[PDB]
Protein chains: 4
Amino acid sequence: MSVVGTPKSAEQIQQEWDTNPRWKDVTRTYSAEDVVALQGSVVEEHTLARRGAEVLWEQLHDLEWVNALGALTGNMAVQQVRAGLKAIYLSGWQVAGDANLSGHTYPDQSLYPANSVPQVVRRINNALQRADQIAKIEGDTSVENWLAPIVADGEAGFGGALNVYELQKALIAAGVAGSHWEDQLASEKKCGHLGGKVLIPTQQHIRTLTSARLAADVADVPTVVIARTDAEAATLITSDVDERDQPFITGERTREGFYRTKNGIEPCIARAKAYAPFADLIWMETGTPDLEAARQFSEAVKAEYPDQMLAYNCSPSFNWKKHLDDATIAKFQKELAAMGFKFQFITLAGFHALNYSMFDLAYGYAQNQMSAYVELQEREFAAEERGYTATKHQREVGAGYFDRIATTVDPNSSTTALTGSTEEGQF
Amino acid sequence: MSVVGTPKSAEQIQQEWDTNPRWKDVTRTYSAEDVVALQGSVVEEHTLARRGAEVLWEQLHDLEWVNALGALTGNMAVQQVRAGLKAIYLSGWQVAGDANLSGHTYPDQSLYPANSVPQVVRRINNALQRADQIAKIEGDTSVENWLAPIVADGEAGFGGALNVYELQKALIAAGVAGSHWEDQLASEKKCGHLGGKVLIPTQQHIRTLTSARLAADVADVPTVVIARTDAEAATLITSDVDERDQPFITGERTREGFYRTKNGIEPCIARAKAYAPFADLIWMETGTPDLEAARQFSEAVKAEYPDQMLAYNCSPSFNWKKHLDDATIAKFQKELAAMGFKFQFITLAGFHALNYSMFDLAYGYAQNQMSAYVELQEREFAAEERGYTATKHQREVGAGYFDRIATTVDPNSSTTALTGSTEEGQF
Amino acid sequence: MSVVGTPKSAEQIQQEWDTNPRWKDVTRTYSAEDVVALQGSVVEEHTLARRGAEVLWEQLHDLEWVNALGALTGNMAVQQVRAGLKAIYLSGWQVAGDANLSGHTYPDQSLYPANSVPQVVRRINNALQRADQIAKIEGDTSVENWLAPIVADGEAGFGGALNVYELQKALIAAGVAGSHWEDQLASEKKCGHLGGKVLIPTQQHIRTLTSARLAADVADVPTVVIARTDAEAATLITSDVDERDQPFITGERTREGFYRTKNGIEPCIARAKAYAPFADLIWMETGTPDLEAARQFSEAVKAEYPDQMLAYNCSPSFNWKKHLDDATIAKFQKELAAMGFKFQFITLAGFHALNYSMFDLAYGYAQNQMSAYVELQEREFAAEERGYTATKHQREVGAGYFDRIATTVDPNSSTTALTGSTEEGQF
Amino acid sequence: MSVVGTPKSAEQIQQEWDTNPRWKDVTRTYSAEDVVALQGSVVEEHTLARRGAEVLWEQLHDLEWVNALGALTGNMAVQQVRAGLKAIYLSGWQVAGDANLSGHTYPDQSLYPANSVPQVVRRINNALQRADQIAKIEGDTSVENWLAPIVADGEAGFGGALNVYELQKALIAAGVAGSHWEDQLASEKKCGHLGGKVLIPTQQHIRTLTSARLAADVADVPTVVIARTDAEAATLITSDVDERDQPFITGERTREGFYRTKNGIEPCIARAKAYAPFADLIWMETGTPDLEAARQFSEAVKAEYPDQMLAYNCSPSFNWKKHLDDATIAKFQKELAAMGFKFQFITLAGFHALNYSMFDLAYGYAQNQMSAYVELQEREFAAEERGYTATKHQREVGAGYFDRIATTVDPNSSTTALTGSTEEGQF
Ligand SMILES: [Mg+2]
Ligand SMILES: [Mg+2]
Ligand SMILES: [Mg+2]
Ligand SMILES: [Mg+2]
Ligand SMILES: [Mg+2]
Ligand SMILES: [Mg+2]
Ligand SMILES: [Mg+2]
């Protein structure tokens, strides 16, 4: 028949795990033969997941740090990369608020359908691919890599280890470069800066990270796996079964049967160390933007795992100027990078950028009608020396690219779009 | 064996068409008994489509005009209402560019799946409903009508009269208030400011408008029907069958078999007059923002149909200051409204606000990291004086509303969200 | 200013609760005031949800029993109603196997996206509405109610009370007549006839049944709520916090933190008694089709709630003729109805009818090609005596209905479908 | 900065076109450079579309003929392969009737959203992959190739050449092996055996076929392209612009402006010869199942293109025994295969199998309840002799495969599914 997509043998997988530096301090408690046993007789190639994960991993080592902003539409990711950024962050909060498959607006509590983040990963890749296609026919080489790696939110996995597995597999099918997984109970998941957070036992989250790595291995892509702990603020945990969690149990219980637990940096450091063999990066959620609390967490973890890369949420859920002055804000990311926070991200940047700009425009328009919009259009013209291109919305969205398709099919077509447009005539 | 949703009698519908001022100069070439024959034995109520269409009809007569901005996400629509706007425009261009069900970025050429605009109508209504629910528990009466009427883009119907019918039916199921339909060939559809436009015969567009009205009648809701002509710039038409079109046919053909046709305001005036018995509002696409041309179109149509309301596209596809001075720009919508342009809209407002604001934030972030974001957050704090609420993003997307559900189910729940949040603590 | 969809006042809600016999023995632990506070200023009418819930309720009291087959496509439900059944069963197992929004084939473990069953509800209603519409234009009175009530699977709620609330809300929006809810941990959910099941505490399932009733009340519809218990086979429970479950707790614990518990009919009886004030019907999963065990459960429950209706899963996961002779199989559902099992259903009827018929067809087709298909067509022709209509597939699917739309829009249309069809000329 | 998915060079593409026998008689009116120009800087690999197309092309040359049945769910394709079939047919008609993204039941008139068939391609592939995964862990080698090639319906492209391009690209991404395209007007598209069909000019369908090859070239996969002509029965055409269609134009016109045209075998032969350079297989719809008419068509076409493979629709829209005796029926497909009809398919097999099997079961269940279902279950047990496996529905849908995933993550998990199941205990 055909040999397309034949899976590798267990031995070839094993040699890769033994010799490739990518897997240096990666623990897999399953075997290579286990991976092959799950792959069927055909392995689909996942081009964008492979390329993204590779590029992300190199970047995490070659750059002083990799930073990103949350993107919830395709055009958002295109502008992030046009503006120079080298990675995209796919916030689950933002998907909950304004981009999930239920169509509803939700708080950040794993309420939306579990395939919602994968769909947005696919959307962002499609949008980047379109900018890449448009840049090629225009000879625009100002952007080196349109296909920036995407790091996406797996939340608490929407259930057990098998829901984790399927989420990761879907994320990879959509072309994700990395994914993060937090040690909360899925059925009570919260934004790390909301209350009512409930942890799961340390070993249960190790199962989740093992499942996330298994799905990437079965899919044969080196996806970046990020472990997040919410132990800094959570005062509840589902069980005391795990001996590593028992030191923090207080004995008090809730009507639901949850266990009260002592929160803070101490559970966070211990969970980071338990997750380290199972995590390419480690992220601890914090209550404030504090370089000193971050140094304290960082140093402890590298004390046992010196090569362990970390990740930091520069969260809009912090009132930044209530806590830091302008000098500290301006150095914040650079300082974190020195401590080993190699991936830093503003989770809700898209939500705030979108909501503020539309309120600003709409309130102007409610008072001044067209004068309000022309101010925006003039700001857009001005931004073109900075590299902005979306003022010409027709080309920005592919009109010239689909013209090229139409003339490739029929060079004499009288129904192409850009010729005779007001964009060609006024821009 | 229930009375729920029993359809009306023919006589009942007929009497409504005869007596309700809503149908003053509305021609239906089909009968009431034709409508009943298509309704089965159960007629689903469409609450939001009914309320939206009735509210929209009133505002078109009570206000001096109705204006709106394009919205491509739910949060966008929420901010427009929060800022005082009383209607939402749902642009098909923006759906093609950044919000359609294929996942791809597309030029405005009817490339996306035909149920994409219905899905966004449903999304916007869900979002406005969430805001309405939150305001109610917060005792916030600052907005009188959260459920602003949505006017949505039907494009060229994505095919024949039955595709038109199904699109209108889906728009109504999602809660649309009004829909607009243009006289282009669906297979060659363009943004009215792109080239390569192909008109369809006058009678074929009357068929489209009749099908949109029938679908609203069968759905038993008074949807506002908007007729759009693209004849100002189109120099192609599919056929010379219609005697009303023949005066502008030149006899030149293209290789695809299209007919060349003399473009300009004269064909728009003739098509407008032909569409007026079938259209609640009439919309002529133009190539520049020109108050004198608008007046010429308006007076010509009103000479025959004095009560005929018009709609105008304040298009971002115009380079506005290259054509008008700030004085005229400032008075543009007010002047148009006096000529009878009672619905005016900026089609791509959402695209440009989203793309510009993200490029701006990202560009600063690339050079100054957290300092660029804190600037945005401080702008958001400032805008609270004008009624902005999204700085508190948790309550904005319904964290307090879902807490209320949670404590309604279990008042002693230990896992509610706002108590202990950094938002409760820092905002 | 509009009165469309204005919410009721708490007093109206209270009076309906106190006076409607629908709510005779129904406990609500929240107030009518609470419900109103969640309704915003507009309540969408849910026509099919209201009509189907009312029809379902009346049928449960007017017929000896209501039976149903699992349906996973719209055409399936149409054929069930055409063949005389009076309710549709919407199996979550079948959705996981062959009709969920991930696009993947899954075992029955709550792996698919949580809006999947709602989408199939909406689909089934659309298909029944089409059959209804066709029947009207055909003058076909052979089916008195095409819109048969749909009873759909809400599984273990896909998370907490809030995930339950959103699933019930989406089911109602899609037009469901009733939904069922089982006392398993969502993250380890199983088909009742699979091993490895984990119970939640009795109170937590009461919270679920309360959440489901609350969403029905906030959506202003009398949805039938079914409580399912999995305690006949489950030997694991998440916690020993509820004193009603402690008598069955052994005290040993698993690595996951689960508690071993003594399974069988006695925990089912106790749980059923605890659920009775919050469930319109009660369902205990069993390991075999056994009338004697069903009698035991019915007698025990009814000894305290004599008017409590029960549901029974006539499961294809039983090897029927391994456990009963043809005489017992023939009387099975009649005997169950005499014991109060008023809703009875074959969950996987659609999966087995679909899978066997296609294997049988394809096997014959591989062997004798067209001869195998002609055998099917001839059986279809022979079934017309019994009322089968789908041999004429064009009309079955609405070609004549859309011809009626087409000729309503344009009575002179030269592109209608059934005239000149091979169906008109060969059938 | 990665070599993953680096596009081939134009010279590499040219060499394959010049030297690979797959492209022997394939005309491309565009260039290899035009293909690279559209590829961006990264080309995603489409494993299933590549493997499927390669297997399909091989099977069309190795086997006496390749026959298929229409499949509208994943389980349907699984049973077709289990029973020995080597290809799957994906019918646009069936998607309209029971499996499209609108949720509605439609007649076969391109009413559904244009990404519906790609979604079903992706679904079928997912379902075959799961059967493949299950077979591997079961040690089941009874099926040589679970990933049977999929031939899917592109209808009339849902618009112009760019709609055609996007549908082919979406079909490829979902993993299709071949796609067929008909010379009908998209806005008036019909099932070949409905009336009211409108042809488009010969050259316009060459543009569609060229557009379909271009998309496969840009996606770097050798998708099989089938050309369908509806000219046997269609009496209307949009235009007389093409001199190849003028021999049949009568001069009369309809009120819509369509041209009446003389239908039959003669325009079909002229159109097949025009399409042959742009089609891997050629299909003419017929009004009856007639071996002599089929013979005449093949001989006339092969008279000029001796190697041109043909495709034939064994349509359930024929009343088979009304036209043919059992002997002709039994030999029909073999006879066609000797004429060059290498792909033969029963389009609506799934619709009729699904509809008849559910009516039959439900009618029996209405009369005799469980006796009727046990009759089916016993037939399923009996079919196991023939290779049927779905009586064990738990493993059929992957309960064993997900158990293997669960015990790869945690070998001592206490929540696996098949151990303790009734399927293990009773089957
Ligand atoms: Mg998140
Ligand atoms: Mg590590
Ligand atoms: Mg538009
Ligand atoms: Mg009018
Ligand atoms: Mg179930
Ligand atoms: Mg009760
Ligand atoms: Mg078809």
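Rules and cut-offs
Each residue takes a number counted from 1 along its chain in the order the sequence is written, a numbering that need not match the entry; residues with no coordinates do not appear. Whichever chain is written first is A, and whichever ligand is written first is 1; the rest continue in order. Processing note: side-chain calculations cover all non-hydrogen atoms of the structure and skip hydrogens and water entirely. Residues with missing side-chain atoms are left out of burial classes, side-chain pairs and their counts. Two residues qualify as a contact provided that any one of their heavy atoms is within 4.5 Å of a heavy atom in the partner residue. Accessible-area loss on putting two parts together, using a 1.4 Å probe and summing over both, is the definition of buried area adopted here. What makes a salt bridge here is a side-chain nitrogen of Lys or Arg within 4 Å of a carboxyl oxygen of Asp or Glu, nothing more. Note on aromatic contacts: the rings of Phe and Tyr and the six-membered ring of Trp form a pair at centre separations within 6.5 Å, being stacked when their planes are under 30 degrees apart, edge-to-face when over 60 apart, and tilted otherwise. In this scheme, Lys NZ or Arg CZ marks a charge over a ring once it lies within 6 Å of the ring centre and within 35 degrees of the ring normal. Any two strands with at least two DSSP bridges between them are considered paired. To qualify as a helix, a DSSP run of H or I must reach at least 4 residues; to qualify as a strand, a run of E must reach at least 2; elements of each kind are numbered from the N terminus. Axis lines are fitted to C-alpha atoms, over the contacting stretch for helices. Their N-to-C directions set the angle, which ranges from 0 to 180 degrees. We define the nonpolar core as a collection of buried residues of types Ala, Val, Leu, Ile, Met, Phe, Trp, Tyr and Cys that are connected through side-chain atoms lying within 4.5 Å of one another. Each residue's exposure class comes from its accessible area (1.4 Å probe, protein chains only) as a fraction of the maximum for that residue type: buried when under 20%, exposed when over 50%, partly exposed otherwise. A 3.5 Å cut-off defines polar contacts: any pair of N or O atoms within that distance qualifies, except that in protein one atom must be a possible hydrogen donor and the other a possible acceptor, and neighbouring residues in sequence count only when both atoms are side-chain atoms. Here the copies are laid over each other by least squares on the C-alpha atoms. Domain limits in this description derive from either an automatic procedure or a database domain assignment. Classification used: nonpolar for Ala, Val, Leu, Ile, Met, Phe, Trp, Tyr, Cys and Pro, charged for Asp, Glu, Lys and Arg, polar for all others including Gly. The term disulfide is used for any two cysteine sulfur atoms that are within 2.5 Å. UniProt positions are given in the numbering used here, feature names are shortened, and annotations may be inferred rather than shown by experiment. Sites may look incomplete, because water is not among the atoms used; the donor set itself consists of N, O and S atoms within 2.8 Å of the metal (3.2 Å for Na, K and Ca).

The deposited coordinates, according to the entry record, derive from X-ray crystallography at 1.8810 Å resolution.

*Asks:* Quick question: what am I supposed to make of the interface of chain D and chain B here?
*Replies:* Many structure descriptions define interface size as the accessible area lost when the parts assemble. On the side of chain B, 27 residues touch chain D, which itself brings 27 residues to the contact. In this assembly, chain D packs against chain B so that about 1,800 Å² is buried in total across both faces, 48% of it on carbon and sulfur atoms. On the chain D side of the interface with chain B, the three residues burying the most area are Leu111(D), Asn163(D) and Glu166(D), jointly 22% of the side's total. At the boundary of chain D with chain B, the tally comes to one salt bridge.

*Asks:* Looking at this structure, how should I read the packing of aromatic side chains?
*Replies:* Two numbers describe a pair of aromatic rings. These are the distance of the centres and the angle of the planes. One pass over the full model with this rule turns up 64 aromatic pairs over all chains. Members of the aromatic cluster, joined through ring pairs, are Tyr312(A), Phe318(A), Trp320(A), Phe332(A) and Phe341(A). We note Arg228(A) situated over the ring of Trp283(A); from NZ or CZ to the ring centre the distance is 4.8 Å. Above the face of the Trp23(B) ring, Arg28(B) is positioned so that its terminal group lies 4.1 Å from the ring centre.

*Asks:* Before we go on, may I ask you to explain the sheet that holds strand β2 (residues 88–90) of chain A in this structure?
*Replies:* The strands making up a sheet associate through backbone hydrogen bonding, with each pair oriented either parallel or antiparallel. Residue and element names in this part refer to chain A. With parallel pairing, the eight strands of this open sheet are ordered in space as β1-β12-β11-β10-β6-β4-β3-β2. One side of each edge strand has no neighbouring strand; the edge strands of this open sheet are β1 (66–69) and β2. In this sheet, adjacent strand axes meet at a mean angle of 20 degrees when their direction is disregarded. The sheet strands contacting helix α7 (residues 161–173) are β3 (150–153), β4 (178–182) and β6 (224–229), and the helix crosses β4 at an angle near 160 degrees.

*Asks:* Help me understand the nonpolar core in this model?
*Replies:* Generally speaking, a soluble globular protein has its nonpolar side chains buried in company with each other. By size, the foremost hydrophobic cluster in this structure holds 507 residues, and its most contacted members are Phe297(B), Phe297(C) and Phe297(D). Apart from the residues lying within four places of it in its own chain, the contact partners of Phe297(D) are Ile265(D), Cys268(D), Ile269(D), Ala272(D), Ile282(D), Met284(D), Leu310(D) and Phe341(D).

*Asks:* Just to check I follow, could you spell out the interface of chain C and chain D for this structure?
*Replies:* In this complex, chain C contributes 121 residues to the contact, which on the side of chain D involves 119 residues. Buried area between chain C and chain D, summed over both chains or domains, comes out near 10,000 Å², and the portion from carbon and sulfur atoms is 59%. Taken together, chain C and chain D are joined by five salt bridges. For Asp360(D), the salt bridge goes to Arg386(C), with nearest N and O atoms at 2.9 Å. Viewed at the interface, chain D and chain C are joined by 73 residue pairs in polar contact. It is helix α13 (residues 349–368) of chain C that contributes the most residues to the side of chain C that touches chain D, 18 residues altogether.

*Asks:* How should helix α4 (residues 74–82) of chain B be read in this particular structure?
*Replies:* Residue and element names in this part refer to chain B. Of all nine residues that make up α4, nine are buried, and the element is covered over most of its length. The complete set of buried residues in α4 reads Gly 74, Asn 75, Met 76, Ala 77, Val 78, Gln 79, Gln 80, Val 81 and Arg 82. With a side-chain oxygen lying 3.4 Å from the backbone nitrogen of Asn 75, the N-terminal cap of α4 falls on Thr 73. Trailing α4 by a residue or two, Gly 84 shows a phi angle of about 105 degrees, which is positive.

*Asks:* Would you mind showing me how to read the relation of the copies chain D and chain B here?
*Replies:* Between the two chain copies there is a screw-like relation: a rotation about an axis and a shift along it. Placing chain D over chain B gives an RMSD of 0.2 Å and needs a rotation angle of 180 degrees, together with 0.0 Å of translation along the axis. Expressed as a symmetry operation, the mapping of one chain copy onto the other fits a two-fold axis. Minimal C-alpha distance to the rotation axis in chain D is attained by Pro113(D), lying at 2.4 Å. The residues that chain D uses at the interface reappear at the interface of chain B in 100% of cases, marking a shared surface.

*Asks:* What should I look at first to understand the side chain of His205(B) in this one?
*Replies:* Along the polypeptide, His205(B) turns up in helix α8 (residues 202–218). Aside from chain neighbours lying at most four places away, what touches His205(B) is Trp181(B), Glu182(B), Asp183(B), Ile200(B), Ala227(B), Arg228(B) and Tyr275(B).

*Asks:* Mind showing me how you'd approach the domain arrangement of chain A here?
*Replies:* Residue and element names in this part refer to chain A. Domain boundaries in chain A define domain 1 (22–347) and domain 2 (355–426). Relative to domain 2, the C-alpha centre of domain 1 lies at a distance of 35 Å. When the two sides are added together, the surface that domain 1 and domain 2 hide from each other amounts to roughly 870 Å², 53% of it contributed by carbon and sulfur. One salt bridge in this structure joins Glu 138 and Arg 395, with 2.8 Å as the shortest N-O distance. Connecting domain 1 to domain 2 are three residue pairs in polar contact. Those elements that place two or more of their residues in the side of domain 1 that touches domain 2 are α4 (74–82) and α6 (116–137). Tallying contributions element by element places α6 first for the side of domain 1 that touches domain 2, with four residues. Residue composition of the side of domain 1 that touches domain 2, grouped by class: three nonpolar, two polar and three charged.

*Asks:* What is the right way to look at the sheet that holds strand β7 (residues 236–237) of chain D in this model?
*Replies:* All names here are of chain D. Here we have four strands laid out as an open sheet, ordered β5-β7-β9-β8, and mixed in their pairing. In the strand order of this sheet, the two ends are held by β5 (198–199) and β8 (249–253), each with one partner. Relative to strand β9 (residues 259–261), β7 runs antiparallel, the two being bridged by two bridges. Following the sheet pairing, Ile 237 is matched in β9 by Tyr 259.

*Asks:* How do you make sense of the state of the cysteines when you look at a structure like this?
*Replies:* The term disulfide refers to a covalent linkage connecting the sulfur atoms of a pair of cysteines. The tally for this structure, following the rule as stated, stands at zero disulfides over all chains. Among the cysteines around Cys314(A), which has no disulfide bond, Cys191(A) carries the closest sulfur, lying 14 Å off.

*Asks:* Please clarify how the UniProt feature "binding site: Mg(2+)" (unreviewed entry) in chain A should be interpreted in this entry.
*Replies:* Residues and elements named next belong to chain A. Here the UniProt-annotated "binding site: Mg(2+)" (unreviewed entry) positions come out as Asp 153. Locating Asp 153 in the fold gives a position in strand β3. The class for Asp 153 is buried, based on a relative accessible area of 5%. Among all residues touching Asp 153, those that are not within four sequence positions of it are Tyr 89, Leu 90, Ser 91, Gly 92, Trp 93, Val 117, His 180 and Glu 182.

*Asks:* How should the coordination of the magnesium ion (ligand 4) be read in this particular structure?
*Replies:* For a metal with four tetrahedral donors the ideal donor-metal-donor angle is 109.5 degrees, whereas six octahedral donors ideally subtend 90 or 180 degrees. The magnesium ion (ligand 4) binds to the protein through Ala276(B) (O), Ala279(B) (O) and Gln308(B) (OE1), with metal-donor distances spanning 2.3 to 2.4 Å. Overall, the relative accessible area of 3% leaves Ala276(B) in the buried class.

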